[PDB]
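The chain below stands alone and is given as structure tokens, in the form solved without this ligand.
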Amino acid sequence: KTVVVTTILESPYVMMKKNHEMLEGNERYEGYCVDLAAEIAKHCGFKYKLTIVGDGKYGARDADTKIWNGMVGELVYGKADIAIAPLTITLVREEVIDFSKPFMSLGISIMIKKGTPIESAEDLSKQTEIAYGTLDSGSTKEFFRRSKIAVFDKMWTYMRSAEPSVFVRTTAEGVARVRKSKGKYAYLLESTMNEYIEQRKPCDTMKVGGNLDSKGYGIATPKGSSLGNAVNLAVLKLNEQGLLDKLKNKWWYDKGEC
């Protein structure tokens, strides 16, 4: 049967083509994950249909209702057969879905408006003039919520109680907030996204400091899936053949605007 792929609209991973209204099916999209999906499918030998996750979330369990949302939920409840997106491999998720070895390595990072007097997480934690937040509902937020490290716990204490909310619905919302903040808002996001935005006009943001942690994105499938084994071997083969590195250059720097 045709494999149902769930993904999310997050540049430069998945994006609508300028003339998508004129195209059909998979041809409507373009991006790092669109290219990767095509390759994984060829190497595993299956036909697929790309679908954008209904609720636009990555995946979190609701304490109380115990229901999983986002791409993770689509896999858990059988709405999708595989997820190809910048989905962070985490312990809680690994407990309900399967992940291939990572196709990209990254870490949480700090995005500032150029000129902002901030160079580290410690800098953010020791002051209050500059507000900071993260994407809401993702692994970055959870990182801070669960951290037992002094600096990060101190950061979470501030963020969870800040008003108005310092959290954002989407990356684009986070970046727009930094750009219009006049330097009074710093955004905490995954390094890969930070590096991408730094190469986009108006070229007014920059990544500062080292990453706060280290982790990776993996291709996910429902537990016990027939595709799990093959997809994992495909990711390793594609990394060993240099495809992954080629794709990142293609979508990050080959198209740089700064």
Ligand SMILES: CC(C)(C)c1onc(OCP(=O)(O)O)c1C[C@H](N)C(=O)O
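From 1 onward, residues are counted along the sequence shown.
A second form of this protein, the form solved in complex with this ligand, is not displayed here; the remarks below concern that form.
Transferring this ligand from its position in the deposited bound form by superimposing the surrounding C-alpha atoms places at least three ligand atoms within 2.4 angstroms of backbone or C-beta atoms of the displayed chain; the site is blocked. Taking the partner from the other structure, this ligand in the deposited bound form has no heavy atom within 4.5 Å of any heavy atom of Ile82. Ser137 belongs to the set of residues with a heavy atom inside 4.5 Å of this ligand in the deposited bound form. Residue contact with this ligand in the deposited bound form: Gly73 places no heavy atom within 4.5 Å of it. A residue is said to contact a partner when one of its heavy atoms sits within 4.5 Å of a partner heavy atom; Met193 meets this definition for this ligand in the deposited bound form. In summary, the region of this chain contacting this ligand in the deposited bound form, judged by heavy atoms within 4.5 Å and restricted to 219 to 227, 22 to 30, 185 to 193, 42 to 50, corresponds to 185 to 193.
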